[PDB]
């Protein structure tokens, strides 16, 4: 056939202005029904947007799609860092992706679970004594302590908020989807400050001056050698060591979304309390329902055909992350928050894709998915059952046209109080 087209020499600024609704706005407008359409952006480039489970499966087929060299360069410069694993391909990628996955052991993840639970439990008194708590800001300080500890890197108390704020600026910086913007240079400065500190950690580890525990990211990254037997240079080593816990800190976006989901859906709170499996499904439904990753780029590796369309080598592609996750043919009632839908989920690698799809070892899928689910499950259990609080009057708006997805207020709470059954006697 002939791919339907959003016309224009370059629709980059229209894509940015419409945000997470851009792709579905065009599909509805043009009546496309096989989840393929075309547009132009990033300086007049032809871009084919894929959606749906079959779109996702095609996008993660290493015979059809090539990933390297498709990320806009200002996004690399602020989100991932130059030379980062996201920018690698072929043998080099599978080699280094193996390093990242070797941190995802059952024992390291259980450590991560305990760190998250104890940091929340210990943060209760501090939250009780504040007048108001911005969950999005509070999460990000808490997660910075958890993630620095989990990675084996040193962050004394007086650096924590510095590091948090710098983390917050880097995660936010994908909003320009390749453009320079107000904050581009502030984001590069935050990246460099943190990169410097992690490169120094690496160099002190290699020189025997500090001793991170075996099995932590800092230890393993410092002492790793690639398949040619070479270690990563100290600067690239710090860059990829940061890709180990900057995204961890970014879970604060989902935590704010989860607190809002519980507020908009009071039944979900009582049910998180009563059942750990609902807490898991609640966290999965937060990652499906709320906006974070809009789409991801790649390009055609060699010519192929798909649903009757011809795909030409080096034509730019994009997998629609948000749109696939709100496609009614993929998720019934896609704009209702309904965690129980995961009772019926078959665990496909191609429909729950908020952090990528495909295969962790041979695709570019998020290495931290399991870590993300563990942290969200712990945090939501905490908020549902360990504390009670008031949600004051505030702007809880989530503007789907603005990247990135945020609760406008950051979700404020007040009158936090720990939940302790002190009159439970053994007669009860």
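Residue numbers count along the first chain shown, from 1.
Mean C-alpha temperature factor, higher of 158 to 166 and 106 to 114: Stretch with the higher mean C-alpha B-factor: 158 to 166.
Greater mean Cα temperature factor according to the PDB record, 178 to 186 or 133 to 141: Taking the mean C-alpha B-factor of 133 to 141 and of 178 to 186, the larger value falls to 178 to 186.
Of the residues 293, 267, 248, 217, the one carrying the largest Cα B-factor as recorded: Each of 293, 267, 248, 217 was compared by C-alpha B-factor; the highest is 267.
Between 151, 321, 255, 279, which carries the biggest CA temperature factor in the record? Highest CA B-factor of the listed options: 279.
Pull the Cα B-factor of residue 18 out of the PDB entry and bin it into the chain's lowest, middle or highest third. Middle third - that is where residue 18 ends up once the chain's C-alpha B-factors are sorted.
Once the chain's modelled residues are ordered by C-alpha B factor and cut into thirds, is residue 124 in the lowest, middle or highest one? Its C-alpha B-factor, which the entry lists for residue 124, ranks in the lowest third among residues of this chain.
Considering only modelled residues of the same chain, in which third does the CA B-factor of residue 69 rank: lowest, middle or highest? Within its chain, residue 69 is a middle-third residue by C-alpha B-factor, going by the deposited values.
Of the three thirds of its chain by CA temperature factor, lowest, middle or highest, which one includes residue 381? CA B-factor rank for residue 381: lowest third.
Within-chain third of residue 393 by Cα B-factor, per the entry: Highest third - that is where residue 393 ends up once the chain's C-alpha B-factors are sorted.
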